[PDB]
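Student: this one's sequence-less:
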RNA sequence: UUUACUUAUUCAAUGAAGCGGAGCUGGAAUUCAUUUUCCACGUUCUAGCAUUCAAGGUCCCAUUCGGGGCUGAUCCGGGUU
RNA sequence: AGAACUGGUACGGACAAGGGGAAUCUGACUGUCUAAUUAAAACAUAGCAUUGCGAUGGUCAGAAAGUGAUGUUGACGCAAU
RNA sequence: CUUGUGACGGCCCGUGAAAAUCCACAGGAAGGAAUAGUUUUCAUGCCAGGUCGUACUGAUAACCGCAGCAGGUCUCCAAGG
RNA sequence: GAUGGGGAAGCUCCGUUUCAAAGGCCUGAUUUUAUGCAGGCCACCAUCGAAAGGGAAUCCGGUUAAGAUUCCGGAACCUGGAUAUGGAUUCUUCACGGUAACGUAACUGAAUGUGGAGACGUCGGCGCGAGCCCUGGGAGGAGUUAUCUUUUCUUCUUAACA
Ligand SMILES: [Zn+2]
Ligand SMILES: [Zn+2]
């Protein structure tokens, strides 16, 4: 129960990972991949936009 | 057509299905081509696009579903992805 | 109300300096039919918990009481 | 074996409520209890939770739709004509 | 074409160092004996260096450009690669399987990469790598 | 005589709608800056049954551009939306399902729902299951749009008036029977105390204007003037014709 | 009888946030002389993330631990719409 | 489940525990009511049909009111029959 | 047998309370070392924990029915054949 | 159901976040001192409302003429607040091991934001557990006994908490 969560120490409450005791580890994986992929996509989109409109 | 060439590859060439074996082959560089079903996750799709960008392998997007591609290769289950390692007989690598 | 096995842990416990009381229980026991042994139980009492050093050797038991302090108020039973 | 000639799922309703209403209910109960295909994963794990809540257990998704079927034909027409005019407008 | 080459940048997704950016230095692509699978020795960051401005005079600057790096054996399936690259001369010698199973060797490897990372970051280089992956 | 049922339903002690199991109102986000200068993205996070309604709702999430928070909204789901979906809403948005383009922007022949009546009422028209509004034509000079409403009604409303694209979900609902006073019980007990309906002609004349008589008969004709009063307006009110209609709505 | 003005009255929102005008910066406009006016005037494969008067640039200070102003974010009118 | 043997043919041994059939009238059903003379063929019911209403509104309320119920609603809906 | 729970399954035009409280996570403000500090989510040790109720019946005699009225009045436990 | 506000001859009515200037924090600066004061944050918008909903924390034994989870003995738990020793970390300043799932005695973390528990139907059968019931042997006690009954009955228990 919640007050018992307040009794116990950290080891019993979360995990040593980023997003320890909030999100599933597989979801952590998924969203990390999503971040990296779409920011790379953003970058290539930005540069193709810049160069085509620089030609134009 | 494309399903006919893919059956030819099933008979002559060789391949591996599914994300895990596919990306393993792609890490090893042993693959040449991928066909990817439209229905499968855009994340998985984009990740494979990145992997194949690194490997310089070729990619093709299948006008169908995991079911359709499975029927094409001649198997009876879901296939979101297939990796062609070599065809031998087919014009797959040449066309598209 | 915690088991204890480490004897030097029990000794520094006796000198934890909140400890004031101690007890030694004897128990008639059975390992086997023909050697019903004598279990010794050193139950030491301080503030927040009682620590029970368990023993099944009378030689070690005697040695322990020889090692203990005299001022720690004991109860033999 | 073969249980029922023509009442099917409407034999739990027994001898009540009139044959015609039992027919209509039969049709729609079949539609609403049936399993459908999640477009995303092609699998047959789609079911109604509630009226116009059609969720897929395998791919953990939910789509809004008809109370008894998952894609109503009106909305199909709407999808098609939307794609039509949208293609035209971007064109 | 394989690309798990020993100068690479990759993105650790699974484990205590997840969501991190490591550099790949020693790929055992064709398996091993103790970690028998497609695996590597890599190294990266455990605590990124913070953003820095003009406002900081030297003390916050040093404190913020500190690094806590790490080394790790990992499965390629538990890695994500990139296209980016990095220079690997300063530690490709000291790093090895024998650098592991000896925490004295570990700490020494951590000491030099810190120096090897701090200067390449103190130089305005590899900004994408020394940055953070937010998510 | 005596006060009668509608004449008590006004006061509304036991006739108030029931609210315990509703997620609050379903409404369109405020026409603040972006939806009238551009667009904004939101994520359909989940879809949920609302009790007493017949349609489902969409728990959608936007981001307040002025403050670091996530502002949540409850929309009505059209057929074709789903979870984890990107809903773009505003003026410079795209003509797909879920989006909230203005009626000034959409073309003729278009389908919309949850349509506003004046910009900043945040969802009035065609909010129920399977009900859609069709566009007819514009008068952009003096910006107005003609729309056909499920009653067949050709209304004229402004152009900045937003409206969601698609057909409202949960259609076909009344195609099914109920078969059971219990099914109807459950329906109306989550909506409001509105059932069973008992007949005035079976009541006593104190209790209704039909009640009484040795035979259950109305006696005096049930077509009631609109300019009648509170106590007389039992029956068919302001009616133009009665009986079985054979032919066409003729509009 | 028709319509015009907003301020009176009335309606509705809103934590009263991006009103209006003019203007850059581009596209079209035919400019018949210089612009005549019109469009935009940072976002759409993906269930990520976006916060610390913003980083930068720039001018000062009392350099020191750091502190402050302009821009970054056009200007005017203070009619919330 | 079955077979021998047995009994003053008794044996679901007490307790417990459906009377049925052929037809009519009537209401479809389950359900609810006249507490303390009427439980019914009455009410309800699902289903059928009609009527009003596009929110500056319909129905209803309130001494009024910057008041209110339907309405955390919007014609597959609310209201009245 | 009574019960408690776990995963499953069926039903719904019905999908079956809220708030307090607590915890983690993201974030990286602030501060921290070498003879030092750092942390009081590790162990151990110290003090204090107020207010009001608290007996009994709970019914063919403790309640309401003018009463020591064959009435009525919410619930838990529930052996053997 | 107050206040603000509006109604009402008026007793009072509406309405409960609304057309309101509806406030109270963290930080340091004053270490003449107040809390003025440098700073920035935020934005309930009263309150009342369940001895069956939610809820921080206790159990056994014994005890009285009449009390008991309340008393006595023993063993525990939480909350709040001071708090010191030990331990861990660190000269690479804010731990390490594990491929991973994750593990440990601990092992910085403000503003703000995100998520979760609280927090949840009903019925079916299935499994699992608790207590009970049935029961075997053995150790004690009691009963029956013209006859027969290695017999019928009975005690053989172990709480919170760690
Ligand atoms: Zn998860
Ligand atoms: Zn699916």
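Tutor: Perfect, I can see it now. Numbers count the residues shown, from 1 in each chain, chains lettered A, B, ... in the order given. Ligands and ions are numbered 1, 2, ... in the order given.

Student: Buried by neighbour count: which residues of the host helix or strand of residue C:9 qualify?
Tutor: Element membership of residue C:9 [criterion: DSSP states H and E] is helix C:7-14. Of the residues in helix C:7-14, those buried under the neighbour-count criterion (16 or more other Cβ atoms under 10 Å in any protein chain shown) are C:10, C:13-14. For the C-beta atoms, the positions are set from N, CA and C on the backbone; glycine is no exception.

Student: cool, stretch F:48-61 as well?
Tutor: Applying 16+ other Cβ under 10 Å to stretch F:48-61 flags F:48-50, F:52-60 as buried.

Student: buried sites along the longest helix along chain C?
Tutor: Taking DSSP state H as the criterion, chain C has its longest helix at helix C:58-67. Neighbour counts using 16+ other Cβ under 10 Å place C:61, C:64 of helix C:58-67 among the buried residues.

Student: what angle sits between it and helix C:7-14?
Tutor: Between helix C:58-67 and helix C:7-14, the angle formed by their directions is 30 degrees, by axes from the mean of the first three to the mean of the last three Cα atoms, to 10 degrees.

Student: Pull the distance from helix C:58-67 to the chain's centre.
Tutor: How far helix C:58-67 lies from its chain's middle: 9 Å, per Cα atoms, centre = their mean, to the nearest Å.

Student: Check which helices and strands that helix sits against.
Tutor: strand C:38-45 (3 or more Cβ pairs under 8 Å, 6 or more residues apart in numbering or on different chains; DSSP states H and E).

Student: Of the buried residues of helix C:7-14, just say which sits nearest to residue C:32.
Tutor: residue C:10 (27.9 Å; Cβ to Cβ).

Student: any idea which element the residue lying closest to that closest one once chain neighbours are set aside lies in?
Tutor: With Cβ to Cβ, 6 or more residues apart in numbering or on different chains as the criterion, residue C:10 has its nearest non-adjacent residue at 4.4 Å, and that residue is residue C:53. With elements delineated by DSSP H and E, residue C:53 resides in strand C:50-55, which encompasses its position.

Student: do that strand and RNA strand I meet?
Tutor: No: for a cut-off given as Cβ under 7 Å from any atom of the strand, strand C:50-55 has no contacts with RNA strand I; the smallest distance is 9.5 Å.

Student: what does that strand rub up against?
Tutor: Strand C:50-55 is touched from outside by C:1-5, C:7, C:10, C:13, C:39-44, C:61, C:64, with contacts defined as Cβ atoms under 8 Å, 6 or more residues apart in numbering or on different chains.

Student: Could you dump the buried residues of helix C:7-14 into CSV and include distance to residue B:67?
Tutor: Shown next, in CSV, are those (distance: Cβ to Cβ, whole Å):
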residue, distance to residue B:67
C:10, 70
C:13, 70
C:14, 75
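
Student: Mind jotting down where the helices sit in chain D?
Tutor: Listed in chain order, the helices found in chain D under DSSP H are D:19-33, D:73-90.

Student: among those helices, which is nearest residue D:60?
Tutor: helix D:19-33 (21.0 Å).

Student: Establish whether that closest one and RNA strand J are in contact.
Tutor: No: counting by Cβ under 7 Å from any atom of the strand, RNA strand J is not contacted by helix D:19-33; separation bottoms out at 14.9 Å.

Student: Run through who's touching that helix.
Tutor: D:7-10, D:13, D:47-48, D:67-69, F:172, F:175-177, F:179.

Student: all strands for chain F, in order.
Tutor: Assigned by DSSP state E, the strands in chain F fall at F:39-49, F:56-63, F:70-76, F:85-90, F:111-113, F:133-138, F:145-149, F:153-157, F:164-165, F:223-224, F:236-237.

Student: now swap in chain E and tell me
Tutor: Counting by DSSP E, chain E has strands at residues E:8-12, E:20-28, E:39-47, E:68-75, E:79-85.

Student: And for the closest residue to residue C:2 other than its chain neighbours, the neighbour number?
Tutor: If you skip the residues right next to it in sequence, residue C:2 has residue C:51 as its closest partner in space, 5.4 Å away by Cβ to Cβ, 6+ apart. Neighbour count for residue C:51, taken as other Cβ atoms under 10 Å in any protein chain shown: 20.

Student: With the one 5 residues further on instead?
Tutor: By other Cβ under 10 Å, 14 other residues sit near residue C:56.

Student: Centroid-nearest residue for chain D?
Tutor: Nearest residue to the geometric centre of chain D (Cα atoms, centre = their mean): residue D:69, 1.7 Å.

Student: got the contact list for it?
Tutor: D:31-32, F:172.

Student: 10 Å instead?
Tutor: Counting by Cβ atoms under 10 Å, 6 or more residues apart in numbering or on different chains, residue D:69 makes contact with D:28, D:31-32, D:34, D:36, D:48, D:52, D:54, F:171-172.

Student: Just name the closest of the residues you listed to residue C:22, please.
Tutor: residue D:48 (70.2 Å).

Student: Provide the partner residues of that closest one in its beta bridges.
Tutor: In this entry, residue D:48 is beta-bridged to residue D:54, by DSSP bridges.

Student: What distance do you get for residue E:129 to residue B:54?
Tutor: Remark: distance between residue E:129 and residue B:54 (Cβ to Cβ, to the nearest Å) = 17 Å.

Student: if I look at the nearest residue to residue C:45 once chain neighbours are set aside, how far off is residue C:12?
Tutor: Using Cβ to Cβ, 6+ apart and skipping the chain neighbours, the partner closest in space to residue C:45 is residue C:21 (4.2 Å). Distance from residue C:21 to residue C:12, counting by Cβ to Cβ: 17 Å.

Student: Repeat that for residue F:31.
Tutor: When distance is defined by Cβ to Cβ, residue F:31 is 74 Å away from residue C:12.

Student: so which helix or strand takes in the closest residue in space to residue B:71 that isn't next to it in sequence?
Tutor: Nearest residue to residue B:71 in three dimensions, chain neighbours excluded: residue B:3, at 7.8 Å (Cβ to Cβ, 6+ apart). Following DSSP H and E, one finds residue B:3 within helix B:2-11.

Student: from the middle of its chain, how far away would that helix be?
Tutor: Between the mean C-alpha position of helix B:2-11 and that of its chain there is a distance of 11 Å (Cα atoms, centre = their mean).

Student: Likewise for stretch B:45-54?
Tutor: The gap between the average C-alpha position of stretch B:45-54 and the chain average comes to 13 Å, counting by Cα atoms, centre = their mean.
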